[PDB]
């Protein structure tokens, strides 16, 4: 395998960057992420979140209350992806105009 392939396993796909984009503007529960992302199933969303947590890119916050409450936030390490996120957004802006 290659570095590119290896890195894509962490931040590739059509969902992770969208999730991170949403989290750059604040912590969110899975239900909020699901609402904001109609093209993804709950199952796939949960799987994407578990991978991102595993990779140390987002932190899972569990509020010990009833009903249950779980929120996700970009970790300190995850913030190091902001530069790439900005580039993707800039490229997308130009593309839409194309």
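Residue numbers count along the first chain shown, from 1.
If you average the C-alpha B-factors over 65-73 and over 35-43, the higher value belongs to 65-73.
Higher average CA B factor: 26-34, of the stretches 46-54 and 26-34. Sort the chain's modelled residues by C-alpha temperature factor and residue 89 lands in the middle third, per the entry. Compared with the other modelled residues of the chain, the Cα B-factor recorded for residue 18 ranks in the lowest third.
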